[PDB]
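Read the structure below first, then the notes.
Readers should treat all values here as calculations from the given coordinates under stated rules, not as data from a laboratory. Ideal geometry is used to build each Cβ from the backbone, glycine not excepted, and the neighbour counts take in all protein chains shown.
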Amino acid sequence: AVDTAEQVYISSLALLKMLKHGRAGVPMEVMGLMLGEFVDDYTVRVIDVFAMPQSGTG
Amino acid sequence: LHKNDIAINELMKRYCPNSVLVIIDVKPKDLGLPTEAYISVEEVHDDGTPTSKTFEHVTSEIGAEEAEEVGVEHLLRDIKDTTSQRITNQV
Amino acid sequence: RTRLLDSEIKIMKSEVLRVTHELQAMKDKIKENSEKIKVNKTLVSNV
Amino acid sequence: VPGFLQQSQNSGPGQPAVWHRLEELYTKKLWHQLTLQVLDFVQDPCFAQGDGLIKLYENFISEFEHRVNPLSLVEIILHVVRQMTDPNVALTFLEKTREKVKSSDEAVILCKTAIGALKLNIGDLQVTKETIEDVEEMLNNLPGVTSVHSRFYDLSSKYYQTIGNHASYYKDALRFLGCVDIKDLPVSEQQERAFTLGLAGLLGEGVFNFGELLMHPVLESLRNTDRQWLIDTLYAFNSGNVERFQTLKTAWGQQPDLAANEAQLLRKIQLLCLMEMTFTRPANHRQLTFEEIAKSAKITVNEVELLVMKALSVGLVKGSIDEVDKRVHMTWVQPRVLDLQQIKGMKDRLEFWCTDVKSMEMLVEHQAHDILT
Amino acid sequence: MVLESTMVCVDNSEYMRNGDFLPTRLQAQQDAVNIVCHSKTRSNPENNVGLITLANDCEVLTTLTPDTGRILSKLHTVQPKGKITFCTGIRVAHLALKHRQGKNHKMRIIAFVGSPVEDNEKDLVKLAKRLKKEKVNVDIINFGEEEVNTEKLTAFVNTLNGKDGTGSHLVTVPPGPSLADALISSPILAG
C-alpha cells in the first residue's frame, strides 16, 4: 500500500550528469540505471548516477 | 601545498604532456576566485640550478562552457540582473 | 649476446603493441561496426 | 690477468694499504668499491702507472663486466692522460668506449664534455661549436648529473675565450656559480677567478644591469680578500656613478682591456645615473634640467641627446626630453636591484597606499553610506 | 596457505650492479621477485603483489594486483641506481595495504636491501614498534651485500612484533664467489 503523497530526494549532481549527457548526446533518447537508496516509503533519495555505454538501445 | 605535489604531477606527466595540479578550495571563504591551476614549469633561477618544478600560477578563470542552468539557475533563487556598483566598489 | 635480453623486451613490447592494436581495432570495432550494421540492418538517398 | 696485478701490485710505500685489498677485490669480483678504487687511485696521488697499465683490463671490464656505468672509464682515460700526454688517441679511444660500453644513464653528455675538456690541445673554434653545442642539445632533458654542467661551464668558458661575447662570461659565470653551489675547492683559486670575474664582466658589455648580483655570497666571500678597490669599483657600477675616485680608479689601476670601451663604461655611468636620478628622488620635477646630467655624468650639452638616444637604443628609460628648455625629461625607468632599507621603509608608500586608499574607500562609501538600500 | 599480503620491494639502488656471483645481481633480485610472485600466483588467486621501489621515491607503477606478468616485465630494466631507503617501503606498503579491496589478507613485507641502508636507530625502533601497534609480520631479507655486524635490519627483526610474531628474521649475505639461486636459496627459507 505505497499509495501516499510521495517524494524524491534528488541529488543536483545527478541532474548535472543528466543534462551533461542528454544535452549533447545523439539526437535520440538516453537511458540508464539509478544509484541512490529506497530510504523510505513516502519519500525516496537519490545521490549518484553513472554515465551509460553507447550501445544501440532506447 | 605539501611536498609530493611535484612528484605526483611528474608521475602523471606521462599521461598528460602538460599535467596540472590544482590547489582546490574546500571552504569558499575567499575574497575572490576559488581554486587555480598550476602546470609543469621550468623556472629554476638566474642561478639556474637543477630545474625545480614547483608549478607556477598557470592562470585561468571560471569557464562556463555551456549554460546548462536549466537547473543551475533554478538553484540560485536569490539574485536578479543587477542593473551593485557599490558592492563592486567596497569589494 | 647481452642485447638478446633487450631484444626480448622489445619483442614483448611489440607483442603487447599488437595486442593493443587488436583491442583498439577489433574490440572497439565490435561496437562501431555493430552500430554501422544496425543502421544498415535495423532500417537510400542522394549525394 | 690476476698475475697482471700480482706484478703491478706494489706501487709505492703504503700504497699496498689499498693494493693488498685490491688483490682481494677482484677475487670478491666486486665493482662498486672497485669503481671507487678507480676513484681512490685518483684520490691517492698516483703518478699514472697503475691505470696506464690496467687500461687493457679496462677494455676487459668492457668485455666481461658489462654492467657498471662508464663514469670511471672516462675518469680512467682522463687519468691515464698523465702517462699519455697526448689526447689524439684518447679521443678515438673515448668515443670507442662510448659506443662499446652501455648504460641506461645520460652518457653522451659526459662523453662530449670530456671531449670538450681535453679539446684544449686542438686549436679551438673549429670543433668546439659543434660538439659543445651538442652538449646543450642533450642538456634539456634532465641535467641531474650537473658535474656535466660544471664541465659544460669549463668548455663554455674556454668557448668564451674563443672571442666574441665579452659579457657572456657573466651568464656563463652564473652557470659556474650554480654548476655546484658549494664551491668544492679552496678559496684562493676561485677568488682570483672572482678577481678576473669582476674584470671580464666589467670591461666587456653585453650585459647592461652589471651591478646586480654583487650581493651573492659565494663571490663576495671570495672578494673579501681581493684587492680592496675592485670591490669598490664594482660598487661604483652597482651604486652607479657617485664614487668619483672609483669610476676613475677603473682608469687609475685596472689597465688591461680598459681603454677600448671605458668610454662605454662612462656611457653606462650615465645610463645608470638616469635611473639613479629618477629613482633616488621619488618626487616630481620629472622635466629635469640637463644640469645635473652635464655636471655629474661627465657629459656635455651637445652629448646629452646622444646620452639618452643611446638609452632609447638600450630601452630601460624612454624620456620625452625637452629641447626648448634643454630639459632632460624623466619618464618610466628600470629602477634598481635591491634597496633592503627601502624594502623595509616602503611602508611610507605601501601602508600609505593600503590605509589611505582604504580610508578614502571608506569615505566614498561613508558619504554614499545610506544608499546601501 | 597462510593469509597475508606479502609485499616485495625491488632493490633498485646503486649497489645491485656488480658481477660478483653471476655477472649481475639483477638476476638475484629479479628471480627472487619471480619466485615470490609465482608463489603468490600458485598460492591463492586473491592476493595483491605488484611492486614497490626504494630508489628516491615510492613509485607504485602498476596496481597491487593478482596477476604478475606486467610487473615481471617491469623487473626488466629495474634501474638499480638510486638512494636505498628501508623506511619508506614499509610505510608506503602499510598505507597501500590499508588500500586493499578483498579484506582476506594480513600484512607481510619482504624488503630487498643490498646496502648499509640509511635509517636511524630511532627510526628503526619507531618503525618496528609501529608495526607492533599495527599488527604486521615482516620477512627481512638482505641481497647484494650488507656491511658486517649489521645494525638496521637486524634490530628491526629484534623489535618488530610480538603477540603472534614469528616473521621477523634476517639472513646476512656475504659478497663471495657463489651463485644467484644460492643467494635467493639462502633467503628463500627464512625471509
Taking only pairs six or more apart or across chains, which ones have beta-carbon atoms under 6 Å, a first residue in the stretch E:57-70 that is farther than 14 Å from E:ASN47 by Cβ, and a second residue that is hydroxyl-bearing (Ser, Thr, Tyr) and surrounded by 15 or more Cβ atoms within 10 Å (Cβ to Cβ)?
E:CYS58/E:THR88; E:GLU59/E:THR53
Members of the stretch D:155-193 found to be surrounded by fewer than 18 Cβ atoms within 10 Å (Cβ to Cβ), assigned to a loop (DSSP other than H, G, I, E, B) and within 14 Å of chain B (Cβ to nearest Cβ), listed by number:
D:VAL180, D:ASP181, D:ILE182
D:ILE269 meets each of (1) farther than 26 Å from D:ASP339 by Cβ; (2) touching a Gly at 6+ places or on another chain (Cβ under 9 Å) with one exception, condition (1)
Across the stretch E:5-57, the tally of residues that are more than 14 Å from the chain's Cα centre (by Cα) and under 16 Å from E:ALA93 (Cα atoms) stands at 4
Just give me the residues in the stretch D:124-154 being within 14 Å of chain B (Cβ to nearest Cβ), surrounded by fewer than 16 Cβ atoms within 10 Å (Cβ to Cβ) and in a helix (DSSP H, G or I), in sequence order.
D:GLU136
Find the residue count for the stretch E:25-57, including only residues that are crowded, with 20+ Cβ neighbours inside 10 Å, in a loop (DSSP other than H, G, I, E, B) and within 12 Å of another protein chain (Cβ to nearest Cβ).
1
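Taking the conditions exactly as written (within 14 Å of chain D (Cβ to nearest Cβ), buried (at least 23 other Cβ atoms within 10 Å of the Cβ) and not in a helix (DSSP H, G or I)), does E:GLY176 satisfy them or not?
Details: within 14 Å of chain D (Cβ to nearest Cβ): yes; buried (at least 23 other Cβ atoms within 10 Å of the Cβ): no; not in a helix (DSSP H, G or I): yes.
In short, no.
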For the stretch D:200-266, list the helices (runs of 4 or more DSSP H) that sit wholly inside it and hold at least 2 residues that are among the hydrophobic types (A, V, I, L, M, F, W, C) and within 15 Å of the chain's Cα centre (by Cα); which are they?
D:217-223
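Report whether or not D:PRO45 is of a type outside the set (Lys, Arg), at negative phi and surrounded by 19 or more Cβ atoms within 10 Å (Cβ to Cβ).
Values: of a type outside the set (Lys, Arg): yes; at negative phi: yes; surrounded by 19 or more Cβ atoms within 10 Å (Cβ to Cβ): no.
Against the criterion (of a type outside the set (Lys, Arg), at negative phi and surrounded by 19 or more Cβ atoms within 10 Å (Cβ to Cβ)), D:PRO45 does not qualify.
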Residue hits (the stretch D:289-307; more than 21 Å from D:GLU205 (Cβ to Cβ) and assigned to a loop (DSSP other than H, G, I, E, B)) are D:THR289, D:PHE290, D:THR300
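With a cut-off of at least 1 residues that are touching a helix residue (DSSP H, G or I) at 6+ places or on another chain (Cβ under 8 Å) and within 14 Å of chain D (Cβ to nearest Cβ), name the helices (runs of 4 or more DSSP H) lying wholly within chain B. Full working, then the answer.
Details: elements: B:5-12, B:69-76, B:85-90.
Of the helices (runs of 4 or more DSSP H) lying wholly inside chain B, those with at least 1 residues that are touching a helix residue (DSSP H, G or I) at 6+ places or on another chain (Cβ under 8 Å) and within 14 Å of chain D (Cβ to nearest Cβ) span B:85-90.
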Subset of the stretch A:5-29 (residues that are touching a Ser or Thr at 6+ places or on another chain (Cβ under 9 Å) and part of a loop (DSSP other than H, G, I, E, B))
A:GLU6, A:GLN7, A:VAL8
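Please go through the stretch D:336-373 and pick out each residue that is part of a loop (DSSP other than H, G, I, E, B) and surrounded by fewer than 11 Cβ atoms within 10 Å (Cβ to Cβ).
Step one: filter the stretch D:336-373 for residues part of a loop (DSSP other than H, G, I, E, B), giving D:336-339, D:345-346, D:368, D:372-373.
Listed by number, the residues that qualify are D:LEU372, D:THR373.
Search the stretch E:71-103 for residues being part of a loop (DSSP other than H, G, I, E, B) and either among the β-branched types (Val, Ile, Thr) or within 14 Å of chain C (Cβ to nearest Cβ) (or both), and hand back the single one that is surrounded by the most Cβ atoms within 10 Å (Cβ to Cβ).
Step one: filter the stretch E:71-103 for residues part of a loop (DSSP other than H, G, I, E, B), giving E:75-85, E:97-103.
Now narrow it down to the ones that are either among the β-branched types (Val, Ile, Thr) or within 14 Å of chain C (Cβ to nearest Cβ) (or both): E:75-79, E:84-85.
Numbers: E:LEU75: 19, E:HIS76: 13, E:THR77: 13, E:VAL78: 17, E:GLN79: 13, E:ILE84: 27, E:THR85: 23.
That would be E:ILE84.
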Looking for something part of a loop (DSSP other than H, G, I, E, B), hydroxyl-bearing (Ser, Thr, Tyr) and farther than 24 Å from E:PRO45 by Cβ - is there at least one such residue anywhere in the stretch E:105-124?
yes
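Being among the small types (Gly, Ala, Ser) and farther than 27 Å from D:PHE237 by Cα narrows it down to one of D:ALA368, D:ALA311, so name that one.
Values: D:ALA311 fails: farther than 27 Å from D:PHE237 by Cα.
Being among the small types (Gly, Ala, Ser) and farther than 27 Å from D:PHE237 by Cα holds for just one of D:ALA368, D:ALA311, which is D:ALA368.
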For the stretch D:54-63, does any single residue satisfy the condition of being in contact with a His (Cβ under 9 Å, 6 or more places away or on another chain), within 21 Å of D:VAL101 (Cα to Cα) and crowded, with 16+ Cβ neighbours inside 10 Å?
no
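When you look at E:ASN120, is it of a type in the set (S, T, N, Q), surrounded by fewer than 13 Cβ atoms within 10 Å (Cβ to Cβ) and more than 30 Å from E:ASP181 (Cα to Cα), yes or no? It would help to see each step written out before you state the result.
Values: of a type in the set (S, T, N, Q): yes; surrounded by fewer than 13 Cβ atoms within 10 Å (Cβ to Cβ): yes; more than 30 Å from E:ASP181 (Cα to Cα): yes.
Spelling it out, E:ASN120 is indeed of a type in the set (S, T, N, Q), surrounded by fewer than 13 Cβ atoms within 10 Å (Cβ to Cβ) and more than 30 Å from E:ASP181 (Cα to Cα).
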Looking at the stretch E:105-133 only, could you name the residues that are within 22 Å of E:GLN30 (Cα to Cα) and among the charged types (D, E, K, R)?
E:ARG108
Condition first: within 18 Å of D:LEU25 (Cβ to Cβ), away from chain E (no Cβ under 14 Å), out of contact with any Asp or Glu (no Cβ under 9 Å at 6 or more places or on another chain) and among the aliphatic types (A, V, I, L, M). Now tell me which residues in the stretch D:40-87 satisfy that.
D:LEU53, D:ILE54, D:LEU56
Restricted to the stretch B:20-52, and to residues that are within 30 Å of D:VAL180 (Cβ to Cβ) and of a type in the set (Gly, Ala, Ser), which residue is nearest to the chain's Cα centre (by Cα)?
B:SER40
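Filter the stretch D:308-335 down to the residues that are of a type in the set (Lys, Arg) and not in a helix (DSSP H, G or I), then identify the one that is surrounded by the most Cβ atoms within 10 Å (Cβ to Cβ). Steps first, please.
Going through the stretch D:308-335, the residues of a type in the set (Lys, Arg) turn out to be D:310, D:318, D:326-327.
If we keep only those that are not in a helix (DSSP H, G or I) too, we end up with D:318, D:326-327.
Numbers: D:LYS318: 13, D:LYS326: 15, D:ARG327: 19.
Looking at the filtered set, the residue picked out is D:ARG327.
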Here are some conditions: (1) among the hydrophobic types (A, V, I, L, M, F, W, C); (2) surrounded by 10 or more Cβ atoms within 10 Å (Cβ to Cβ); (3) out of contact with any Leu (no Cβ under 8 Å at 6 or more places or on another chain). B:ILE8 meets all but one. Which one does it not meet?
(3)
Among (1) within 14 Å of chain C (Cβ to nearest Cβ); (2) not in a loop (DSSP other than H, G, I, E, B), which single condition is E:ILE184 missing?
(1)
